Amino acid sequence: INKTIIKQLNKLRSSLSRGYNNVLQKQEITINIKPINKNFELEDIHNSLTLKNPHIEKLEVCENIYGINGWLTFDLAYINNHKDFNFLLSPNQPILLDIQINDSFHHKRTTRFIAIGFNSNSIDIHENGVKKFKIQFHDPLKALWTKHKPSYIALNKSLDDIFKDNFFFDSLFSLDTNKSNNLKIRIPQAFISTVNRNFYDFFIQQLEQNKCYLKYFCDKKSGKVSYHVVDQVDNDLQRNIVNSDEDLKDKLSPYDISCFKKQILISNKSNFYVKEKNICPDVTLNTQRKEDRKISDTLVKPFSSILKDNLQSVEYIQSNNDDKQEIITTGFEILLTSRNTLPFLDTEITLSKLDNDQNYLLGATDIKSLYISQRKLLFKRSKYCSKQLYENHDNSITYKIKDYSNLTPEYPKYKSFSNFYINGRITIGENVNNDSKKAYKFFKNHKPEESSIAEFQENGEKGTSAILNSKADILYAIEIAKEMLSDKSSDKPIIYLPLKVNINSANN
Amino acid sequence: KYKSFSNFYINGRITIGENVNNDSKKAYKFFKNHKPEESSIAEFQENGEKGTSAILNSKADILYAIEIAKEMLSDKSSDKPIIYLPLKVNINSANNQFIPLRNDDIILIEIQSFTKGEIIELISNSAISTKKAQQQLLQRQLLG
Amino acid sequence: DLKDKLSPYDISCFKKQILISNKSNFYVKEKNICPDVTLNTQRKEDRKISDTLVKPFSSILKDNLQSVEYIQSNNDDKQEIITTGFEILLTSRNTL
Amino acid sequence: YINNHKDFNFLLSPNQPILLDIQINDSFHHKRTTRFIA
């Protein structure tokens, strides 16, 4: 020559108890484990824990473009030895995890992982001479910066100097900030505040608003984690993200038919958006107040008589403009469950293209080249190999596909920070006189320069002696409690700040 | 189940009439009953207060007149946007002082609930200098 | 029959002998900060652990601010740095 | 199955409003009805 073929995958998946998988010649999974010391370097015990023909029950690996999260369950035996003592009987010990995978089919395909797990207040070991273990996964820059919460003030520092002066990890990996140059623009004042949140979540948030990219990457030969922060996707990424294996074909070969399970959609391009009319309720702005927001895209119809208003907080400050955003529409998402790592296709998350020659997907007839944006790896040790190795593996892989034309960065959930309070003086000069003991002086342009209350005073105000909207760009000088800086403070802490005139006042 | 809403901020003027005079440029006037009608600070003044010149509990049902940024209405606005609002007298004051809110000042207004507006801060002045603060040091009121 | 000391009749009554966390050797520094103009002492001081023989990390800080209101700023809410303990779960089929 | 315009434009796009008219008969010696519009 359809239940003869439809039930055939069931007894195939029932024979996954003991693994009966075509066309895998051999699949082994390796885990190295190292300790990480007091000062973030490496030690020895093959001089480690290393893994083989598995003790492992079940490991779970997902990938974003930036992160790796999941679980690990393996076995050891038995009590008692120093090789197993000091690692997993103490929390907060950082642990490198080096995972390599070969897949022999007439060729081999590799995937390699470097991840850090450590944790407070939770270690998990189950028993009944046989011991279980559990370990969570994080990519290295996350898990180290997760348990790190400082808050201080910086002056005249570009952003990449802030990250390179909080990063103390050189026997582990590096981060490469030499291509962005949005982050190398110097800001006159800087307010780090990990009040109730994570510095890693601070690290994403200001990286979010500049609208940059992150990429996680490992050398397969040999392991070096190296991030990248790029404003675009260029040739200078793809000089580095060429996959270091071969038989690297594209275009969805007809050997994929033997390896799928489910071909699942999430949303697609619509033709119906909701209007989003901006509103800035502001007496004394002599323009339109209602204007529309702007879509990135066209050929999409609006609805009728349904609005999404977008107000703004109107404080005493001279009201600025305009936080130019878009109206974020949908994309094109395909989940693909398959039983093996696919033959003849590049299942490595590059920021490249993958052509669409055919229509065996749900897909769309219009859409050209695509790319990959996730993985999942539920691995299960087979039931048979969990008997003799208990007396003396399965695979399931998904993928996230998006449109290459709809390429955008991806960011995880985090916390927007919370405010906090600071008390401070006002001074003007330093060697201040005595008949000039208590005067007042206003400063121009983030510099100690005598400004005026003139000169700003927009065209309804030239002039009586009356300020409307209590204008910004007039600065005070404020001494701080000095201990909110770095220890390398070759500075005098003076934060310039704008003015509420209406503190010691009336309107009179 | 649903969501109880959250507050938000609105900035607005004060006017009294429309074709306002020039010796009547900056005065103050209080309005009665959700209508443009000259009220008094008398007449409300419950029975412990008739009378010295002292308001306890800063009574409601005394209304200001406040122009809004006009674009917070429908497109069918055959109206002039003037939300009447109650009074904090204690803004430009002490317990000694009495400076009522004149016209043509710009004012923070929360909307604390459905049909509860209040007045918090002031965003304007009428007396500053325009010189470099090495030649003048002005400290003053203005009056009437 | 109130004995102690884990008699050898317990072997007939266990199912699983499960750990939760233990004493580490690695704590995170927690440097106190009171941002206060006109306190003429140190503003940064460390917090104090209850215990010793535990190594710190390096170049990782947990700041601990304080709300600074108009009040004469007091001191110091003398707390500790709460470490881990030693936890054993013991599933058994009878009262031991 | 794949592919036809009757199934194309409905369920391959979000934010398309969709009326759902559900009717139920229940024959027992009589019938009882319930009807839904959603």
# chains A, B, ... in the order shown; residues from 1 in each chain; ligands from 1
call {"tool": "interface_residues", "arguments": {"of": "chain A", "to": "chain B", "cutoff": "10 Å", "atoms": "only C-alpha atoms", "output": "tab-separated table (two decimals) with N, CA, C and O atoms, in the first residue's frame"}}
result
chain	number	residue	atom	x	y	z
A	279	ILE	N	-3.48	59.95	23.93
A	279	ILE	CA	-4.05	61.10	24.62
A	279	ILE	C	-3.03	61.62	25.62
A	279	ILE	O	-2.62	60.88	26.52
A	280	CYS	N	-2.63	62.87	25.47
A	280	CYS	CA	-1.85	63.55	26.50
A	280	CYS	C	-2.69	64.70	27.02
A	280	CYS	O	-2.76	65.75	26.37
A	281	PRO	N	-3.37	64.56	28.14
A	281	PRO	CA	-4.17	65.67	28.66
A	281	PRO	C	-3.28	66.74	29.26
A	281	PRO	O	-2.82	66.63	30.40
A	282	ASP	N	-3.08	67.81	28.50
A	282	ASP	CA	-2.03	68.78	28.81
A	282	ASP	C	-2.55	70.15	28.39
A	282	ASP	O	-2.53	70.47	27.20
A	283	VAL	N	-2.99	70.94	29.36
A	283	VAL	CA	-3.19	72.35	29.08
A	283	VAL	C	-1.82	72.96	28.82
A	283	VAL	O	-0.82	72.57	29.46
A	284	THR	N	-1.76	73.85	27.83
A	284	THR	CA	-0.55	74.46	27.27
A	284	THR	C	0.38	73.42	26.65
A	284	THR	O	1.52	73.21	27.06
A	285	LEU	N	-0.17	72.74	25.64
A	285	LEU	CA	0.58	72.24	24.50
A	285	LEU	C	-0.24	72.64	23.28
A	285	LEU	O	-1.36	72.14	23.10
A	288	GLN	N	-2.16	69.26	18.38
A	288	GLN	CA	-3.14	68.22	18.64
A	288	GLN	C	-2.75	67.45	19.89
A	288	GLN	O	-1.56	67.24	20.17
A	289	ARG	N	-3.75	67.03	20.65
A	289	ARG	CA	-3.52	66.20	21.82
A	289	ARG	C	-3.82	64.74	21.50
A	289	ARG	O	-2.99	63.86	21.72
A	290	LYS	N	-5.01	64.48	20.95
A	290	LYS	CA	-5.26	63.20	20.31
A	290	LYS	C	-4.51	63.11	19.00
A	290	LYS	O	-4.76	63.89	18.08
A	311	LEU	N	-3.34	57.05	27.90
A	311	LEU	CA	-3.08	58.28	28.62
A	311	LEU	C	-1.60	58.44	28.89
A	311	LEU	O	-0.77	57.61	28.52
A	312	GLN	N	-1.25	59.53	29.56
A	312	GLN	CA	0.06	59.69	30.14
A	312	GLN	C	-0.08	60.32	31.51
A	312	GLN	O	-0.97	61.15	31.74
A	313	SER	N	0.80	59.91	32.42
A	313	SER	CA	0.94	60.61	33.68
A	313	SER	C	1.42	62.03	33.42
A	313	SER	O	2.43	62.25	32.74
A	314	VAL	N	0.69	62.99	33.94
A	314	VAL	CA	1.00	64.39	33.75
A	314	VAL	C	1.46	64.92	35.09
A	314	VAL	O	0.65	65.15	35.99
A	315	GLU	N	2.77	65.07	35.25
A	315	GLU	CA	3.32	65.63	36.47
A	315	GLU	C	3.58	67.12	36.29
A	315	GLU	O	3.13	67.75	35.33
A	316	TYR	N	4.32	67.70	37.23
A	316	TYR	CA	4.63	69.12	37.18
A	316	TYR	C	5.64	69.45	36.10
A	316	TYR	O	5.81	70.63	35.78
A	317	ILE	N	6.35	68.45	35.59
A	317	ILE	CA	7.44	68.69	34.66
A	317	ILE	C	6.86	69.18	33.33
A	317	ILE	O	5.70	68.90	33.00
A	318	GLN	N	7.64	70.00	32.63
A	318	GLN	CA	7.44	70.30	31.22
A	318	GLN	C	7.23	69.01	30.45
A	318	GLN	O	8.13	68.18	30.36
A	439	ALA	N	22.20	81.82	49.96
A	439	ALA	CA	21.61	82.35	48.74
A	439	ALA	C	21.05	81.19	47.94
A	439	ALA	O	20.96	80.07	48.44
A	440	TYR	N	20.67	81.47	46.70
A	440	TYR	CA	20.17	80.43	45.81
A	440	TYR	C	20.79	80.63	44.44
A	440	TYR	O	21.07	81.75	44.04
A	441	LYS	N	20.98	79.53	43.72
A	441	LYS	CA	21.56	79.62	42.39
A	441	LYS	C	21.09	78.45	41.56
A	441	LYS	O	20.95	77.33	42.07
A	442	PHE	N	20.82	78.69	40.28
A	442	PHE	CA	20.23	77.71	39.38
A	442	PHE	C	21.26	77.34	38.31
A	442	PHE	O	22.00	78.21	37.85
A	443	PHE	N	21.29	76.07	37.90
A	443	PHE	CA	22.36	75.57	37.04
A	443	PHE	C	21.82	75.06	35.71
A	443	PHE	O	20.71	74.53	35.63
A	450	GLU	N	26.00	79.11	35.85
A	450	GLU	CA	24.89	79.94	36.30
A	450	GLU	C	23.84	80.11	35.21
A	450	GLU	O	24.06	80.82	34.23
A	451	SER	N	22.67	79.50	35.41
A	451	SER	CA	21.60	79.64	34.44
A	451	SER	C	20.78	80.87	34.77
A	451	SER	O	21.16	81.70	35.61
A	452	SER	N	19.65	81.00	34.10
A	452	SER	CA	18.65	82.00	34.42
A	452	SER	C	17.30	81.31	34.45
A	452	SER	O	17.14	80.18	33.98
A	453	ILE	N	16.31	82.02	34.99
A	453	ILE	CA	14.94	81.56	34.89
A	453	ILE	C	14.31	82.05	33.61
A	453	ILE	O	13.16	81.72	33.30
A	454	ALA	N	15.06	82.82	32.82
A	454	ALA	CA	14.69	83.17	31.46
A	454	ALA	C	15.01	82.01	30.53
A	454	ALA	O	15.09	80.86	30.97
A	455	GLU	N	15.05	82.30	29.24
A	455	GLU	CA	15.70	81.49	28.21
A	455	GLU	C	14.98	80.19	27.89
A	455	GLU	O	15.34	79.52	26.92
A	457	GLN	N	11.04	79.18	28.95
A	457	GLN	CA	10.04	80.21	28.69
A	457	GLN	C	9.44	80.25	27.28
A	457	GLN	O	9.65	81.22	26.55
A	463	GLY	N	6.76	88.32	27.53
A	463	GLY	CA	6.93	87.91	28.91
A	463	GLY	C	6.33	88.75	30.01
A	463	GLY	O	6.51	89.97	30.08
A	464	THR	N	5.62	88.06	30.87
A	464	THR	CA	5.40	88.48	32.24
A	464	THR	C	6.34	87.63	33.10
A	464	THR	O	7.11	86.83	32.59
A	465	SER	N	6.29	87.80	34.41
A	465	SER	CA	7.16	87.02	35.29
A	465	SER	C	6.47	85.76	35.78
A	465	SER	O	6.49	85.46	36.96
A	466	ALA	N	5.88	84.97	34.88
A	466	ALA	CA	5.03	83.85	35.26
A	466	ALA	C	5.39	82.61	34.46
A	466	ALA	O	5.22	82.59	33.24
A	467	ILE	N	5.85	81.58	35.15
A	467	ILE	CA	6.17	80.31	34.53
A	467	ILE	C	4.93	79.44	34.53
A	467	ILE	O	4.35	79.17	35.58
A	468	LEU	N	4.54	78.98	33.36
A	468	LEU	CA	3.56	77.92	33.26
A	468	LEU	C	4.31	76.60	33.11
A	468	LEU	O	5.41	76.56	32.57
A	469	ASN	N	3.73	75.54	33.68
A	469	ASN	CA	4.17	74.15	33.58
A	469	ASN	C	5.52	73.85	34.21
A	469	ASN	O	6.06	72.77	33.93
A	470	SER	N	6.09	74.77	35.01
A	470	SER	CA	7.22	74.57	35.94
A	470	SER	C	8.40	73.84	35.29
A	470	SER	O	8.70	72.70	35.61
A	471	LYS	N	9.03	74.55	34.35
A	471	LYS	CA	9.84	73.93	33.30
A	471	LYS	C	11.03	73.15	33.84
A	471	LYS	O	11.58	73.46	34.90
A	500	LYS	N	10.75	71.54	41.38
A	500	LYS	CA	9.46	72.06	41.79
A	500	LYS	C	9.71	73.43	42.38
A	500	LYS	O	10.39	73.55	43.40
A	501	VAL	N	9.18	74.47	41.74
A	501	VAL	CA	9.24	75.77	42.40
A	501	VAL	C	8.22	75.81	43.51
A	501	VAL	O	8.42	76.47	44.54
A	502	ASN	N	7.13	75.06	43.36
A	502	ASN	CA	6.02	75.10	44.30
A	502	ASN	C	6.28	74.17	45.48
A	502	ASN	O	5.65	73.13	45.67
A	503	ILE	N	7.25	74.56	46.30
A	503	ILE	CA	7.49	73.85	47.55
A	503	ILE	C	7.38	74.84	48.70
A	503	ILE	O	6.46	74.76	49.52
A	504	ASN	N	8.32	75.78	48.74
A	504	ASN	CA	8.19	76.95	49.59
A	504	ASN	C	7.63	78.06	48.73
A	504	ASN	O	8.36	78.91	48.21
A	505	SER	N	6.32	78.04	48.57
A	505	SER	CA	5.70	79.06	47.74
A	505	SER	C	4.22	79.15	48.09
A	505	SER	O	3.70	78.40	48.92
A	506	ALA	N	3.58	80.10	47.44
A	506	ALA	CA	2.19	80.03	47.06
A	506	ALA	C	2.19	80.27	45.57
A	506	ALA	O	3.26	80.26	44.94
A	507	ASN	N	1.04	80.50	44.96
A	507	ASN	CA	1.09	81.16	43.67
A	507	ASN	C	1.52	82.61	43.82
A	507	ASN	O	2.05	83.19	42.87
A	508	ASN	N	1.30	83.19	44.99
A	508	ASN	CA	1.85	84.51	45.26
A	508	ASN	C	3.33	84.44	45.57
A	508	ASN	O	4.12	85.19	45.00
call {"tool": "interface_residues", "arguments": {"of": "chain A", "to": "chain D", "cutoff": "7 Å", "atoms": "only C-alpha atoms", "output": "number ranges by chain"}}
result
A: 267-270, 272
call {"tool": "select_by_dssp", "arguments": {"residues": "segment 1-58 of chain C", "states": "strand (DSSP E or B)", "output": "count of residues only"}}
result
17
call {"tool": "residues_around", "arguments": {"residues": "residue 33 of chain D", "least_positions_apart": "6", "cutoff": "8 Å", "atoms": "only C-alpha atoms", "output": "tab-separated table (two decimals) with C-alpha atoms, in the first residue's frame"}}
result
chain	number	residue	atom	x	y	z
D	23	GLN	CA	-29.12	24.28	18.56
D	24	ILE	CA	-29.95	21.02	20.33
D	25	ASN	CA	-32.90	18.71	19.87
D	26	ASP	CA	-33.64	15.91	22.34
call {"tool": "closest_atom_pairs", "arguments": {"of": "chain C", "to": "chain A", "cutoff": "9 Å", "atoms": "only C-alpha atoms", "output": "CSV"}}
result
residue,atom,partner,partner_atom,distance
C:14,CA,A:128,CA,8.1
C:15,CA,A:128,CA,5.7
C:16,CA,A:128,CA,4.6
C:17,CA,A:127,CA,5.9
C:18,CA,A:126,CA,5.1
C:19,CA,A:125,CA,5.6
C:20,CA,A:123,CA,5.1
C:21,CA,A:123,CA,5.1
C:22,CA,A:90,CA,5.5
C:23,CA,A:90,CA,6.1
C:24,CA,A:90,CA,4.7
C:25,CA,A:90,CA,7.6
C:26,CA,A:92,CA,6.4
C:27,CA,A:92,CA,7.7
C:28,CA,A:147,CA,8.5
C:33,CA,A:483,CA,7.8
C:34,CA,A:481,CA,8.7
C:35,CA,A:481,CA,5.6
C:36,CA,A:481,CA,5.9
C:37,CA,A:481,CA,5.3
C:38,CA,A:481,CA,8.5
C:42,CA,A:483,CA,8.6
C:43,CA,A:483,CA,6.6
C:44,CA,A:483,CA,6.5
C:55,CA,A:38,CA,7.7
C:56,CA,A:38,CA,7.4
C:57,CA,A:38,CA,5.7
C:58,CA,A:39,CA,6.1
C:59,CA,A:168,CA,7.3
C:60,CA,A:148,CA,5.8
C:61,CA,A:150,CA,5.8
C:62,CA,A:149,CA,4.9
C:63,CA,A:150,CA,5.3
C:64,CA,A:195,CA,8.6
C:65,CA,A:195,CA,8.3
C:66,CA,A:421,CA,8.2
C:67,CA,A:421,CA,6.1
C:68,CA,A:421,CA,6.3
C:69,CA,A:421,CA,8.2
C:83,CA,A:121,CA,8.4
C:84,CA,A:121,CA,6.3
C:85,CA,A:121,CA,8.8
call {"tool": "write_last_selection", "arguments": {"atoms": "C-alpha atoms", "output": "PDB file, in the first residue's frame"}}
result
ATOM      1  CA  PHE C  14      11.127   3.117  56.576  1.00  0.00           C
ATOM      2  CA  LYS C  15      10.298   3.921  53.013  1.00  0.00           C
ATOM      3  CA  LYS C  16      12.364   6.942  51.886  1.00  0.00           C
ATOM      4  CA  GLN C  17      15.146   8.949  53.544  1.00  0.00           C
ATOM      5  CA  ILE C  18      15.015  12.347  51.844  1.00  0.00           C
ATOM      6  CA  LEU C  19      17.190  15.432  52.330  1.00  0.00           C
ATOM      7  CA  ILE C  20      16.509  19.107  52.095  1.00  0.00           C
ATOM      8  CA  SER C  21      19.379  21.575  52.545  1.00  0.00           C
ATOM      9  CA  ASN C  22      22.451  21.469  54.754  1.00  0.00           C
ATOM     10  CA  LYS C  23      25.124  23.820  56.118  1.00  0.00           C
ATOM     11  CA  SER C  24      27.032  25.470  53.285  1.00  0.00           C
ATOM     12  CA  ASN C  25      30.387  27.248  53.325  1.00  0.00           C
ATOM     13  CA  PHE C  26      29.376  30.093  51.017  1.00  0.00           C
ATOM     14  CA  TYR C  27      27.309  33.112  52.031  1.00  0.00           C
ATOM     15  CA  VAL C  28      26.598  36.345  50.197  1.00  0.00           C
ATOM     16  CA  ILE C  33      23.268  51.271  53.798  1.00  0.00           C
ATOM     17  CA  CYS C  34      21.538  54.143  55.567  1.00  0.00           C
ATOM     18  CA  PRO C  35      21.663  57.126  53.196  1.00  0.00           C
ATOM     19  CA  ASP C  36      21.576  59.862  55.797  1.00  0.00           C
ATOM     20  CA  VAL C  37      23.153  63.264  55.600  1.00  0.00           C
ATOM     21  CA  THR C  38      24.056  64.236  59.199  1.00  0.00           C
ATOM     22  CA  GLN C  42      30.086  55.087  58.921  1.00  0.00           C
ATOM     23  CA  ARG C  43      27.014  54.642  56.745  1.00  0.00           C
ATOM     24  CA  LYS C  44      28.041  51.401  55.077  1.00  0.00           C
ATOM     25  CA  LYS C  55      33.543  31.611  53.659  1.00  0.00           C
ATOM     26  CA  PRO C  56      32.109  34.606  51.794  1.00  0.00           C
ATOM     27  CA  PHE C  57      31.850  35.023  48.068  1.00  0.00           C
ATOM     28  CA  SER C  58      33.711  37.757  46.227  1.00  0.00           C
ATOM     29  CA  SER C  59      32.437  40.912  44.518  1.00  0.00           C
ATOM     30  CA  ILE C  60      28.721  40.142  44.957  1.00  0.00           C
ATOM     31  CA  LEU C  61      26.646  42.359  47.226  1.00  0.00           C
ATOM     32  CA  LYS C  62      23.152  42.498  48.690  1.00  0.00           C
ATOM     33  CA  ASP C  63      22.400  46.097  49.580  1.00  0.00           C
ATOM     34  CA  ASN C  64      19.965  46.838  52.390  1.00  0.00           C
ATOM     35  CA  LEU C  65      18.613  50.371  52.254  1.00  0.00           C
ATOM     36  CA  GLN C  66      16.346  52.094  54.722  1.00  0.00           C
ATOM     37  CA  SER C  67      13.399  54.380  54.254  1.00  0.00           C
ATOM     38  CA  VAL C  68      14.622  57.810  55.254  1.00  0.00           C
ATOM     39  CA  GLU C  69      11.735  59.946  56.461  1.00  0.00           C
ATOM     40  CA  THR C  83      21.587  30.629  56.699  1.00  0.00           C
ATOM     41  CA  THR C  84      20.470  27.059  56.026  1.00  0.00           C
ATOM     42  CA  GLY C  85      19.982  24.222  58.471  1.00  0.00           C
TER      43      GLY C  85
END
call {"tool": "atom_distance", "arguments": {"atom1": "atom CA of residue 495 of chain A", "atom2": "atom CA of residue 189 of chain A"}}
result
7.3 Å
